[PDB]
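Encoded as structure tokens, the structure appears first; notes follow it.
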Amino acid sequence: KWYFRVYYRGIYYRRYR
């Protein structure tokens, strides 16, 4: 399962898959 945002001060990342 993905996340939603998280990234905080990172860069979201491949949330789609």
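Ligands are numbered from 1 in the order shown, chains are lettered A, B, ... in the order of the structure tokens, and residues start at 1 in each chain.
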
Give me the residues within 12 Å of residue A:2 as a PyMOL selection string, counting only C-alpha atoms and dropping any in the same chain fewer than 6 places off.
-> chain A and resi 12-17

I need the residues from that last selection saved to file as a PDB file, in the first residue's frame (with N, CA, C and O atoms), if you can.
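Result file out30.pdb:
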ATOM      1  N   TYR A  12       7.572  13.482  -1.916  1.00  0.00           N
ATOM      2  CA  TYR A  12       6.433  12.567  -2.104  1.00  0.00           C
ATOM      3  C   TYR A  12       6.799  11.156  -2.523  1.00  0.00           C
ATOM      4  O   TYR A  12       6.460  10.203  -1.819  1.00  0.00           O
ATOM      5  N   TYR A  13       7.482  11.008  -3.638  1.00  0.00           N
ATOM      6  CA  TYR A  13       7.899   9.694  -4.115  1.00  0.00           C
ATOM      7  C   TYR A  13       6.804   9.022  -4.933  1.00  0.00           C
ATOM      8  O   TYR A  13       5.678   9.514  -5.004  1.00  0.00           O
ATOM      9  N   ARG A  14       7.140   7.890  -5.547  1.00  0.00           N
ATOM     10  CA  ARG A  14       6.183   7.148  -6.358  1.00  0.00           C
ATOM     11  C   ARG A  14       4.992   6.707  -5.516  1.00  0.00           C
ATOM     12  O   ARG A  14       4.967   5.593  -4.989  1.00  0.00           O
ATOM     13  N   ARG A  15       4.008   7.590  -5.387  1.00  0.00           N
ATOM     14  CA  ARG A  15       2.815   7.298  -4.601  1.00  0.00           C
ATOM     15  C   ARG A  15       1.843   6.415  -5.380  1.00  0.00           C
ATOM     16  O   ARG A  15       1.131   5.597  -4.800  1.00  0.00           O
ATOM     17  N   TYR A  16       1.817   6.587  -6.698  1.00  0.00           N
ATOM     18  CA  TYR A  16       0.928   5.806  -7.551  1.00  0.00           C
ATOM     19  C   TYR A  16       1.177   4.309  -7.379  1.00  0.00           C
ATOM     20  O   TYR A  16       0.240   3.531  -7.206  1.00  0.00           O
ATOM     21  N   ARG A  17       2.446   3.916  -7.425  1.00  0.00           N
ATOM     22  CA  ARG A  17       2.818   2.515  -7.272  1.00  0.00           C
ATOM     23  C   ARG A  17       4.267   2.384  -6.816  1.00  0.00           C
ATOM     24  O   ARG A  17       5.160   2.873  -7.540  1.00  0.00           O
TER      25      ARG A  17
END
